[PDB]
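Novice: Structure file work.txt, compact mmCIF, C-alpha atoms and all ligand atoms, is pasted below:
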# COMPACT_ATOMS: atom_id res chain seq x y z
CA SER W 1 96.57 95.33 81.77
CA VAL W 2 101.21 95.42 83.90
CA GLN W 3 101.04 94.55 87.62
CA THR W 4 103.99 94.68 90.06
CA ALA W 5 104.92 93.60 93.61
CA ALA W 6 108.01 94.87 95.42
CA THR W 7 110.03 93.84 98.46
CA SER W 8 113.34 94.97 100.03
CA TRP W 9 115.66 93.98 102.90
CA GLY W 10 118.86 95.06 104.66
CA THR W 11 120.50 98.48 104.50
CA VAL W 12 122.14 98.34 101.02
CA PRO W 13 119.29 97.48 100.38
CA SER W 14 118.52 94.48 98.19
CA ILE W 15 115.29 95.09 96.20
CA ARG W 16 113.15 92.59 94.24
CA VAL W 17 110.40 93.73 91.81
CA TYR W 18 108.06 91.05 90.41
CA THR W 19 106.04 91.90 87.29
CA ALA W 20 102.95 90.03 86.03
CA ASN W 21 102.64 90.81 82.31
CA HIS W 22 101.13 88.85 79.41
CA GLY W 23 100.37 85.83 81.63
CA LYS W 24 103.94 85.55 82.98
CA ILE W 25 105.55 86.68 86.26
CA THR W 26 109.22 87.68 86.09
CA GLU W 27 111.69 89.19 88.61
CA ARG W 28 114.15 92.10 88.59
CA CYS W 29 116.86 92.40 91.25
CA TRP W 30 118.91 95.23 92.78
CA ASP W 31 121.75 94.43 95.19
CA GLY W 32 123.55 97.80 95.30
CA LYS W 33 125.27 97.99 91.90
CA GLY W 34 122.61 97.70 89.18
CA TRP W 35 119.44 95.89 88.11
CA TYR W 36 119.60 92.29 86.88
CA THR W 37 117.07 89.64 85.81
CA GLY W 38 116.32 87.20 88.63
CA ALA W 39 115.62 83.45 88.47
CA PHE W 40 111.90 83.68 89.33
CA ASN W 41 109.71 82.85 86.31
CA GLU W 42 106.18 81.46 86.84
CA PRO W 43 102.84 81.84 84.99
CA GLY W 44 100.39 84.37 86.41
CA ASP W 45 98.16 87.44 86.01
CA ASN W 46 98.65 88.77 89.59
CA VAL W 47 101.46 88.78 92.13
CA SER W 48 102.12 89.75 95.76
CA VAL W 49 105.29 89.35 97.81
CA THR W 50 106.56 89.49 101.40
CA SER W 51 110.04 88.83 102.80
CA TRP W 52 111.91 88.59 106.11
CA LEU W 53 115.44 88.21 107.46
CA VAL W 54 116.76 85.63 109.92
CA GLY W 55 120.07 87.35 110.61
CA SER W 56 121.57 87.58 107.12
CA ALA W 57 119.44 84.80 105.52
CA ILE W 58 116.58 86.20 103.39
CA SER W 59 113.31 84.34 102.97
CA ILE W 60 110.97 85.54 100.17
CA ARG W 61 107.35 84.42 99.62
CA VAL W 62 105.79 85.17 96.24
CA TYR W 63 102.07 84.60 95.78
CA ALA W 64 101.43 83.99 92.08
CA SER W 65 97.81 83.90 90.89
CA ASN W 66 97.25 82.37 87.46
CA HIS W 67 93.75 81.20 86.38
CA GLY W 68 91.81 81.73 89.61
CA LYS W 69 94.36 79.72 91.62
CA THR W 70 97.15 81.02 93.90
CA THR W 71 100.53 79.30 94.27
CA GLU W 72 103.09 80.28 96.93
CA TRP W 73 106.77 80.18 95.91
CA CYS W 74 109.53 80.18 98.51
CA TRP W 75 113.06 81.45 98.29
CA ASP W 76 115.14 80.38 101.32
CA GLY W 77 118.71 80.79 100.02
CA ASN W 78 119.03 77.83 97.63
CA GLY W 79 116.41 77.70 94.87
CA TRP W 80 112.69 78.51 94.50
CA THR W 81 110.36 75.78 95.88
CA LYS W 82 106.55 75.44 95.98
CA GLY W 83 105.17 76.37 99.41
CA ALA W 84 102.44 74.85 101.59
CA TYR W 85 100.00 77.80 101.12
CA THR W 86 96.45 76.98 99.98
CA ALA W 87 93.46 79.37 99.66
CA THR W 88 91.13 77.08 101.68
CA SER Q 1 89.30 88.60 88.72
CA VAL Q 2 92.15 86.88 91.87
CA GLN Q 3 94.23 89.64 93.53
CA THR Q 4 96.41 89.15 96.63
CA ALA Q 5 98.39 91.21 99.18
CA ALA Q 6 100.80 89.78 101.77
CA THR Q 7 102.54 90.92 104.95
CA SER Q 8 104.89 89.24 107.40
CA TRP Q 9 106.46 89.95 110.80
CA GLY Q 10 108.83 88.56 113.44
CA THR Q 11 111.28 85.67 113.18
CA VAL Q 12 108.95 82.64 113.01
CA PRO Q 13 107.54 84.44 110.94
CA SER Q 14 103.80 85.14 111.00
CA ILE Q 15 102.40 85.65 107.48
CA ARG Q 16 99.04 87.13 106.43
CA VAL Q 17 97.76 86.73 102.85
CA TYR Q 18 94.65 88.69 101.83
CA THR Q 19 92.75 87.65 98.68
CA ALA Q 20 90.16 89.74 96.78
CA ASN Q 21 88.03 87.32 94.75
CA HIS Q 22 84.41 87.52 93.53
CA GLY Q 23 83.81 90.78 95.38
CA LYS Q 24 85.06 89.48 98.75
CA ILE Q 25 88.34 89.88 100.65
CA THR Q 26 89.40 86.99 102.89
CA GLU Q 27 92.53 86.28 104.95
CA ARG Q 28 94.83 83.27 105.35
CA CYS Q 29 97.31 83.05 108.26
CA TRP Q 30 100.60 81.22 108.90
CA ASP Q 31 102.11 81.28 112.37
CA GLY Q 32 104.88 78.65 112.03
CA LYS Q 33 102.82 75.45 112.05
CA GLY Q 34 100.19 75.55 109.29
CA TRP Q 35 97.80 77.74 107.26
CA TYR Q 36 94.42 78.68 108.75
CA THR Q 37 91.52 81.00 107.89
CA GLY Q 38 91.71 84.39 109.53
CA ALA Q 39 88.99 86.59 111.01
CA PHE Q 40 89.15 89.26 108.26
CA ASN Q 41 86.17 89.23 105.84
CA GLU Q 42 85.14 92.44 104.06
CA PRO Q 43 83.70 93.25 100.60
CA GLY Q 44 86.21 94.38 97.99
CA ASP Q 45 87.79 94.11 94.53
CA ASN Q 46 91.32 95.24 95.59
CA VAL Q 47 93.45 94.89 98.72
CA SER Q 48 96.79 96.21 99.99
CA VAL Q 49 98.41 95.70 103.39
CA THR Q 50 101.11 96.93 105.71
CA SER Q 51 102.08 95.90 109.26
CA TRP Q 52 104.48 96.91 112.05
CA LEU Q 53 105.61 95.66 115.47
CA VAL Q 54 105.46 97.50 118.80
CA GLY Q 55 107.68 95.12 120.73
CA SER Q 56 105.90 91.81 120.14
CA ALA Q 57 102.40 93.26 119.43
CA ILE Q 58 101.43 93.38 115.75
CA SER Q 59 99.49 96.24 114.16
CA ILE Q 60 98.01 95.48 110.72
CA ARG Q 61 96.40 97.92 108.27
CA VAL Q 62 94.35 96.48 105.38
CA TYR Q 63 93.17 98.85 102.62
CA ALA Q 64 90.07 97.38 101.03
CA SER Q 65 88.71 98.97 97.85
CA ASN Q 66 85.10 98.24 96.91
CA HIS Q 67 83.02 99.92 94.15
CA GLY Q 68 85.37 102.91 93.87
CA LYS Q 69 85.87 103.44 97.62
CA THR Q 70 88.78 102.53 99.94
CA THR Q 71 88.24 101.63 103.61
CA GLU Q 72 91.12 101.03 106.05
CA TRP Q 73 90.79 98.15 108.53
CA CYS Q 74 92.94 97.97 111.66
CA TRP Q 75 94.09 95.03 113.69
CA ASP Q 76 95.67 96.16 116.98
CA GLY Q 77 95.40 93.00 119.08
CA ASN Q 78 91.69 92.83 119.93
CA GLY Q 79 89.45 92.91 116.87
CA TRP Q 80 89.33 94.47 113.40
CA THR Q 81 88.17 98.11 113.55
CA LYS Q 82 87.50 100.79 110.91
CA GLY Q 83 90.39 103.21 110.47
CA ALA Q 84 90.47 107.01 110.06
CA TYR Q 85 91.93 106.78 106.50
CA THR Q 86 90.14 108.69 103.72
CA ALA Q 87 91.22 109.05 100.05
CA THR Q 88 90.71 112.84 100.06
CA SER O 1 89.91 100.14 88.71
CA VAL O 2 90.87 101.51 92.35
CA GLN O 3 94.20 99.80 93.10
CA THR O 4 96.29 100.55 96.21
CA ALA O 5 99.77 99.88 97.66
CA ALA O 6 100.93 100.58 101.23
CA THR O 7 104.12 100.90 103.23
CA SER O 8 104.88 101.92 106.82
CA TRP O 9 107.93 102.51 109.04
CA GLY O 10 108.98 103.22 112.65
CA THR O 11 106.93 103.00 115.84
CA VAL O 12 104.58 106.02 115.40
CA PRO O 13 104.25 104.73 112.67
CA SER O 14 104.38 106.74 109.46
CA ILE O 15 102.13 105.17 106.74
CA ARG O 16 101.98 105.87 102.97
CA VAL O 17 99.04 104.67 100.83
CA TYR O 18 99.40 105.01 97.05
CA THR O 19 96.27 104.78 94.90
CA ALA O 20 96.08 104.22 91.12
CA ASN O 21 92.70 105.57 90.03
CA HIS O 22 91.46 107.08 86.74
CA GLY O 23 94.94 106.91 85.18
CA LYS O 24 96.71 108.74 88.04
CA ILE O 25 98.72 107.60 91.10
CA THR O 26 98.36 109.79 94.21
CA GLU O 27 99.67 109.48 97.78
CA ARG O 28 98.02 109.75 101.21
CA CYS O 29 100.21 110.08 104.32
CA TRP O 30 99.87 109.45 108.05
CA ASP O 31 102.56 110.65 110.47
CA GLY O 32 100.73 110.17 113.81
CA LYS O 33 98.27 113.09 113.77
CA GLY O 34 95.98 112.74 110.74
CA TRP O 35 95.85 111.83 107.03
CA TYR O 36 97.10 114.33 104.45
CA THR O 37 97.82 114.40 100.71
CA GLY O 38 101.46 113.78 99.79
CA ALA O 39 103.60 115.21 96.99
CA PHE O 40 103.70 111.96 94.95
CA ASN O 41 101.66 112.37 91.73
CA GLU O 42 102.48 110.40 88.56
CA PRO O 43 100.41 108.87 85.70
CA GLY O 44 99.61 105.18 86.04
CA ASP O 45 97.15 102.27 86.19
CA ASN O 46 99.11 100.14 88.73
CA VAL O 47 101.46 100.80 91.67
CA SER O 48 103.66 98.86 94.10
CA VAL O 49 105.89 100.21 96.90
CA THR O 50 108.77 99.22 99.22
CA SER O 51 110.58 101.22 101.91
CA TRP O 52 113.55 100.86 104.26
CA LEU O 53 115.27 102.81 107.07
CA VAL O 54 118.83 104.02 107.59
CA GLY O 55 118.55 105.02 111.23
CA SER O 56 115.38 107.12 111.25
CA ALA O 57 115.75 108.35 107.62
CA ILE O 58 113.25 106.73 105.27
CA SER O 59 113.95 105.64 101.67
CA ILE O 60 110.82 104.86 99.59
CA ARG O 61 110.66 103.25 96.11
CA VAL O 62 107.38 103.49 94.16
CA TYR O 63 106.97 101.41 91.00
CA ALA O 64 104.42 103.12 88.74
CA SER O 65 103.10 101.29 85.68
CA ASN O 66 101.51 103.37 82.92
CA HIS O 67 100.60 102.03 79.44
CA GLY O 68 102.92 99.01 79.65
CA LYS O 69 105.94 100.82 81.10
CA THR O 70 107.14 100.75 84.71
CA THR O 71 108.99 103.75 86.18
CA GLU O 72 110.70 103.66 89.61
CA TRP O 73 110.38 106.80 91.79
CA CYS O 74 112.68 107.45 94.74
CA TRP O 75 112.11 109.37 97.93
CA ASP O 76 115.34 109.80 99.90
CA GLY O 77 114.55 112.84 102.07
CA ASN O 78 114.51 115.72 99.59
CA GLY O 79 112.08 115.17 96.72
CA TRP O 80 110.87 112.46 94.34
CA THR O 81 113.47 111.48 91.70
CA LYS O 82 113.31 108.92 88.89
CA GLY O 83 115.20 105.72 89.68
CA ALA O 84 117.48 103.51 87.60
CA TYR O 85 114.93 100.64 87.39
CA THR O 86 114.20 99.04 84.02
CA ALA O 87 112.07 95.96 83.24
CA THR O 88 114.77 94.43 80.99
ZN ZN A 101 100.14 94.07 76.74
ZN ZN A 102 96.69 84.10 82.17
ZN ZN A 103 86.10 83.97 89.04
ZN ZN A 104 82.54 94.28 93.87
ZN ZN A 105 96.12 105.32 81.71
So, in terms of structure tokens, how does the structure I just supplied come out?
Ligand SMILES: [Zn+2]
Ligand SMILES: [Zn+2]
Ligand SMILES: [Zn+2]
Ligand SMILES: [Zn+2]
Ligand SMILES: [Zn+2]
Specialist:
Amino acid sequence: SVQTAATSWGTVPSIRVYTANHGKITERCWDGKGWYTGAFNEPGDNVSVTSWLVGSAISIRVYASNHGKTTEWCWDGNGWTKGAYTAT
Amino acid sequence: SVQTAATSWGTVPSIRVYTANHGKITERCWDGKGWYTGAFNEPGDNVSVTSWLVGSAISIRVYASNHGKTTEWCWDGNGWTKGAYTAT
Amino acid sequence: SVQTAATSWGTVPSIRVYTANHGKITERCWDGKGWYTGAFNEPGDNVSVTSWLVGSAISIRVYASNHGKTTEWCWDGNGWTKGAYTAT
């Protein structure tokens, strides 16, 4: 009262699983060898994710919902940044 | 309870974020310039989504769950229609 | 609290809708003709899914959360097998 969101890309593939548990959203990564803890760590009770490739460059969008409000987080190769998404 | 589902397609990309809040599911859209409110509006407490391309034409399937029942909604270019999906 | 997750692949397309309801996760499938009940059946309150292709062969990963623990399930052509995923 655990909630997950998953995305994958490429043919290896790379997989990312985001878990919202105890008011925190964390990330677990698979790139073909084993699972490791990712850099994503934001407060939230709910999470959704989508991702796309531009050649070999991955872009991830994580929608983290905390206390009635939804924040979009972007991964575009170098660090997680807050996105332009708003609910209204 | 906010609960979201997201899908994306193409290289721009186009992103669709569906939010179930206060018994209603609404849609926000990104097509490369800015976020705008989509046409989708159906009752529901939970939402999932998947999409696929047929060349450049998008097909979206939204699964909206409301009061114990799941209804599929289809976007195939010209309007949201009710899908053939049943749970059993 | 019905909670769903969806994935699709190819041009037909094939669609898989996973539903967590009454402490069980079941699967409904569409391969171009009609909806039918799939072999996936595991205990759980929450579910997410991701899939990818290697040619026309589908690989599906289902993340089933039951009583605080998340188990990854793999479909790689011949049966559902437990995956290496751990939360930590
Ligand atoms: Zn707990
Ligand atoms: Zn909280
Ligand atoms: Zn509220
Ligand atoms: Zn309701
Ligand atoms: Zn249970």
Novice: Rounded to one decimal, what separation in Å do you get between CA of residue 6 (chain Q) and CA of residue 73 (chain Q)?
Specialist: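 These atoms are spaced 14.7 Å apart.
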Novice: Write out as a PDB file with C-alpha atoms, in the coordinates of the input each polymer residue (protein, DNA or RNA) that has an atom no more than 7 Å from ligand ZN 104 (chain A), with all atoms listed in the file counted.
Specialist:
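Result saved to pocket.pdb:
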ATOM      1  CA  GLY Q  23      83.810  90.780  95.380  1.00  0.00           C
ATOM      2  CA  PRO Q  43      83.700  93.250 100.600  1.00  0.00           C
ATOM      3  CA  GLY Q  44      86.210  94.380  97.990  1.00  0.00           C
ATOM      4  CA  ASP Q  45      87.790  94.110  94.530  1.00  0.00           C
ATOM      5  CA  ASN Q  66      85.100  98.240  96.910  1.00  0.00           C
ATOM      6  CA  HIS Q  67      83.020  99.920  94.150  1.00  0.00           C
TER       7      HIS Q  67
END
Novice: Is it possible to see chain Q as an mmCIF file with C-alpha atoms, in the coordinates of the input, once it has been laid onto chain O by a least-squares fit on every C-alpha atom in order?
Specialist:
data_model
loop_
_atom_site.group_PDB
_atom_site.id
_atom_site.type_symbol
_atom_site.label_atom_id
_atom_site.label_comp_id
_atom_site.auth_asym_id
_atom_site.auth_seq_id
_atom_site.Cartn_x
_atom_site.Cartn_y
_atom_site.Cartn_z
ATOM 1 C CA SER Q 1 89.514 100.523 87.947
ATOM 2 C CA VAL Q 2 90.842 101.505 92.222
ATOM 3 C CA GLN Q 3 94.187 99.834 93.067
ATOM 4 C CA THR Q 4 96.268 100.590 96.182
ATOM 5 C CA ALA Q 5 99.734 99.867 97.642
ATOM 6 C CA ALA Q 6 100.822 100.641 101.216
ATOM 7 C CA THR Q 7 104.054 100.907 103.196
ATOM 8 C CA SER Q 8 104.861 101.758 106.798
ATOM 9 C CA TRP Q 9 107.926 102.477 108.947
ATOM 10 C CA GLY Q 10 109.072 103.286 112.490
ATOM 11 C CA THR Q 11 107.139 103.045 115.750
ATOM 12 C CA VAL Q 12 104.619 105.904 115.416
ATOM 13 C CA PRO Q 13 104.272 104.637 112.625
ATOM 14 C CA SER Q 14 104.375 106.652 109.399
ATOM 15 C CA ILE Q 15 102.104 105.148 106.718
ATOM 16 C CA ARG Q 16 102.022 105.869 102.969
ATOM 17 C CA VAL Q 17 99.082 104.707 100.818
ATOM 18 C CA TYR Q 18 99.387 105.051 97.031
ATOM 19 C CA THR Q 19 96.228 104.853 94.888
ATOM 20 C CA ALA Q 20 96.067 104.278 91.103
ATOM 21 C CA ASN Q 21 92.695 105.587 89.907
ATOM 22 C CA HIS Q 22 91.563 107.006 86.540
ATOM 23 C CA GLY Q 23 95.085 106.869 85.129
ATOM 24 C CA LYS Q 24 96.677 108.771 88.037
ATOM 25 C CA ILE Q 25 98.669 107.675 91.096
ATOM 26 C CA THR Q 26 98.329 109.807 94.232
ATOM 27 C CA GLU Q 27 99.635 109.454 97.798
ATOM 28 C CA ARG Q 28 98.063 109.764 101.254
ATOM 29 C CA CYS Q 29 100.234 110.084 104.392
ATOM 30 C CA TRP Q 30 99.775 109.334 108.108
ATOM 31 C CA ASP Q 31 102.425 110.456 110.567
ATOM 32 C CA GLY Q 32 100.655 109.838 113.912
ATOM 33 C CA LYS Q 33 98.180 112.729 113.945
ATOM 34 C CA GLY Q 34 96.012 112.652 110.809
ATOM 35 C CA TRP Q 35 95.854 111.824 107.078
ATOM 36 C CA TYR Q 36 97.170 114.359 104.554
ATOM 37 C CA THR Q 37 97.865 114.489 100.808
ATOM 38 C CA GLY Q 38 101.422 113.668 99.863
ATOM 39 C CA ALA Q 39 103.694 115.157 97.207
ATOM 40 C CA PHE Q 40 103.662 112.068 94.933
ATOM 41 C CA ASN Q 41 101.601 112.479 91.721
ATOM 42 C CA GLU Q 42 102.492 110.446 88.622
ATOM 43 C CA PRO Q 43 100.470 108.853 85.781
ATOM 44 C CA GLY Q 44 99.724 105.153 86.158
ATOM 45 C CA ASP Q 45 97.291 102.218 86.201
ATOM 46 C CA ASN Q 46 99.236 100.095 88.764
ATOM 47 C CA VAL Q 47 101.430 100.830 91.781
ATOM 48 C CA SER Q 48 103.635 98.858 94.181
ATOM 49 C CA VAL Q 49 105.847 100.154 96.987
ATOM 50 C CA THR Q 50 108.651 99.258 99.337
ATOM 51 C CA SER Q 51 110.527 101.308 101.960
ATOM 52 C CA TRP Q 52 113.471 100.992 104.368
ATOM 53 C CA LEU Q 53 115.120 102.974 107.177
ATOM 54 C CA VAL Q 54 118.732 104.157 107.396
ATOM 55 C CA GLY Q 55 118.667 105.125 111.054
ATOM 56 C CA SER Q 56 115.719 107.529 111.127
ATOM 57 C CA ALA Q 57 115.838 108.557 107.414
ATOM 58 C CA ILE Q 58 113.230 106.882 105.202
ATOM 59 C CA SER Q 59 113.903 105.705 101.648
ATOM 60 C CA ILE Q 60 110.786 104.932 99.578
ATOM 61 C CA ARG Q 61 110.599 103.240 96.165
ATOM 62 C CA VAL Q 62 107.323 103.492 94.207
ATOM 63 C CA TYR Q 63 106.919 101.381 91.044
ATOM 64 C CA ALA Q 64 104.412 103.086 88.784
ATOM 65 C CA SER Q 65 103.144 101.222 85.716
ATOM 66 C CA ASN Q 66 101.555 103.268 82.934
ATOM 67 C CA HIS Q 67 100.562 102.061 79.423
ATOM 68 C CA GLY Q 68 102.740 98.938 79.622
ATOM 69 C CA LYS Q 69 105.800 100.623 81.168
ATOM 70 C CA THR Q 70 107.123 100.663 84.764
ATOM 71 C CA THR Q 71 109.000 103.661 86.198
ATOM 72 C CA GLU Q 72 110.621 103.638 89.659
ATOM 73 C CA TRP Q 73 110.296 106.775 91.805
ATOM 74 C CA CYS Q 74 112.612 107.414 94.752
ATOM 75 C CA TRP Q 75 112.099 109.388 97.902
ATOM 76 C CA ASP Q 76 115.384 109.824 99.805
ATOM 77 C CA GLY Q 77 114.602 112.834 101.995
ATOM 78 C CA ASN Q 78 114.650 115.742 99.533
ATOM 79 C CA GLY Q 79 112.302 115.252 96.595
ATOM 80 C CA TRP Q 80 110.953 112.456 94.392
ATOM 81 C CA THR Q 81 113.485 111.454 91.708
ATOM 82 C CA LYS Q 82 113.443 108.942 88.829
ATOM 83 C CA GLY Q 83 115.170 105.671 89.673
ATOM 84 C CA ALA Q 84 117.566 103.478 87.655
ATOM 85 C CA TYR Q 85 115.076 100.537 87.547
ATOM 86 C CA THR Q 86 114.264 99.023 84.137
ATOM 87 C CA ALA Q 87 112.069 95.959 83.394
ATOM 88 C CA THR Q 88 114.683 94.392 81.085
#
Novice: Return as a PyMOL selection string every polymer residue, whether protein, DNA or RNA, with at least one atom no more than 10 Å from an atom of ligand ZN 103 (chain A); count all atoms listed in the file.
Specialist: (chain W and resi 67-69) or (chain Q and resi 1-2+21-23)
Novice: Would you please work out which residue, of O:40, O:16, O:24, O:31, is nearest to ligand ZN 105 (chain A) when using all atoms listed in the file?
Specialist: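 Nearest to ligand ZN 105 (chain A): O:24.
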Novice: Let me make sure I understand: among O:50, O:59, O:7, O:41, which one has the smallest atom-to-atom distance to chain Q if we use all atoms listed in the file?
Specialist: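 Going through O:50, O:59, O:7, O:41 one by one, the smallest distance to chain Q is for O:7.
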Novice: Please identify all polymer residues within 7 Å of residue 27 (chain Q), counting all atoms listed in the file, omitting same-chain residues fewer than 4 positions from it, and present them as a VMD selection string.
Specialist: chain Q and resid 16 to 19 37 to 38 40
Novice: Could you turn the residues from that selection into a file that holds C-alpha atoms, as a PDB file, in the coordinates of the input?
Specialist:
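result02.pdb written:
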ATOM      1  CA  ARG Q  16      99.040  87.130 106.430  1.00  0.00           C
ATOM      2  CA  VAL Q  17      97.760  86.730 102.850  1.00  0.00           C
ATOM      3  CA  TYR Q  18      94.650  88.690 101.830  1.00  0.00           C
ATOM      4  CA  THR Q  19      92.750  87.650  98.680  1.00  0.00           C
ATOM      5  CA  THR Q  37      91.520  81.000 107.890  1.00  0.00           C
ATOM      6  CA  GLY Q  38      91.710  84.390 109.530  1.00  0.00           C
ATOM      7  CA  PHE Q  40      89.150  89.260 108.260  1.00  0.00           C
TER       8      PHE Q  40
END
Novice: In Å to one decimal, how far is CA of residue 48 (chain Q) from CA of residue 33 (chain Q)?
Specialist: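 Calculated distance between CA of residue 33 (chain Q) and CA of residue 48 (chain Q) is 24.8 Å.
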Novice: Would you mind writing region 61-73 of chain Q with N, CA, C and O atoms, as a PDB file, in the frame of the given file?
Specialist:
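And here's out20.pdb as it stands now:
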ATOM      1  N   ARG Q  61      97.333  97.017 108.946  1.00  0.00           N
ATOM      2  CA  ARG Q  61      96.400  97.920 108.270  1.00  0.00           C
ATOM      3  C   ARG Q  61      96.080  97.344 106.897  1.00  0.00           C
ATOM      4  O   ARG Q  61      96.983  97.141 106.095  1.00  0.00           O
ATOM      5  N   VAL Q  62      94.814  97.026 106.654  1.00  0.00           N
ATOM      6  CA  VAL Q  62      94.350  96.480 105.380  1.00  0.00           C
ATOM      7  C   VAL Q  62      93.574  97.574 104.656  1.00  0.00           C
ATOM      8  O   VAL Q  62      92.688  98.166 105.252  1.00  0.00           O
ATOM      9  N   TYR Q  63      93.908  97.859 103.394  1.00  0.00           N
ATOM     10  CA  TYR Q  63      93.170  98.850 102.620  1.00  0.00           C
ATOM     11  C   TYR Q  63      92.319  98.130 101.611  1.00  0.00           C
ATOM     12  O   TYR Q  63      92.850  97.424 100.761  1.00  0.00           O
ATOM     13  N   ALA Q  64      91.004  98.127 101.841  1.00  0.00           N
ATOM     14  CA  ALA Q  64      90.070  97.380 101.030  1.00  0.00           C
ATOM     15  C   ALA Q  64      89.333  98.331 100.104  1.00  0.00           C
ATOM     16  O   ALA Q  64      88.681  99.260 100.574  1.00  0.00           O
ATOM     17  N   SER Q  65      89.414  98.102  98.793  1.00  0.00           N
ATOM     18  CA  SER Q  65      88.710  98.970  97.850  1.00  0.00           C
ATOM     19  C   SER Q  65      87.506  98.253  97.266  1.00  0.00           C
ATOM     20  O   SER Q  65      87.635  97.149  96.767  1.00  0.00           O
ATOM     21  N   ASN Q  66      86.334  98.863  97.364  1.00  0.00           N
ATOM     22  CA  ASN Q  66      85.100  98.240  96.910  1.00  0.00           C
ATOM     23  C   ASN Q  66      84.216  99.267  96.217  1.00  0.00           C
ATOM     24  O   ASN Q  66      83.807 100.233  96.853  1.00  0.00           O
ATOM     25  N   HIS Q  67      83.900  99.046  94.930  1.00  0.00           N
ATOM     26  CA  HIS Q  67      83.020  99.920  94.150  1.00  0.00           C
ATOM     27  C   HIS Q  67      83.488 101.377  94.167  1.00  0.00           C
ATOM     28  O   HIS Q  67      82.701 102.278  94.451  1.00  0.00           O
ATOM     29  N   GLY Q  68      84.782 101.579  93.939  1.00  0.00           N
ATOM     30  CA  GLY Q  68      85.370 102.910  93.870  1.00  0.00           C
ATOM     31  C   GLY Q  68      85.824 103.515  95.183  1.00  0.00           C
ATOM     32  O   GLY Q  68      86.430 104.588  95.184  1.00  0.00           O
ATOM     33  N   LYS Q  69      85.539 102.857  96.318  1.00  0.00           N
ATOM     34  CA  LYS Q  69      85.870 103.440  97.620  1.00  0.00           C
ATOM     35  C   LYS Q  69      86.813 102.590  98.467  1.00  0.00           C
ATOM     36  O   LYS Q  69      86.549 101.412  98.671  1.00  0.00           O
ATOM     37  N   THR Q  70      87.812 103.231  99.101  1.00  0.00           N
ATOM     38  CA  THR Q  70      88.780 102.530  99.940  1.00  0.00           C
ATOM     39  C   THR Q  70      88.548 102.724 101.438  1.00  0.00           C
ATOM     40  O   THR Q  70      88.568 103.847 101.932  1.00  0.00           O
ATOM     41  N   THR Q  71      88.401 101.614 102.169  1.00  0.00           N
ATOM     42  CA  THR Q  71      88.240 101.630 103.610  1.00  0.00           C
ATOM     43  C   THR Q  71      89.429 100.941 104.265  1.00  0.00           C
ATOM     44  O   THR Q  71      89.810  99.848 103.849  1.00  0.00           O
ATOM     45  N   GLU Q  72      90.030 101.592 105.273  1.00  0.00           N
ATOM     46  CA  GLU Q  72      91.120 101.030 106.050  1.00  0.00           C
ATOM     47  C   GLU Q  72      90.554 100.205 107.195  1.00  0.00           C
ATOM     48  O   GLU Q  72      89.645 100.653 107.895  1.00  0.00           O
ATOM     49  N   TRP Q  73      91.132  99.022 107.414  1.00  0.00           N
ATOM     50  CA  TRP Q  73      90.790  98.150 108.530  1.00  0.00           C
ATOM     51  C   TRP Q  73      92.012  97.936 109.395  1.00  0.00           C
ATOM     52  O   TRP Q  73      93.110  97.750 108.881  1.00  0.00           O
TER      53      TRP Q  73
END
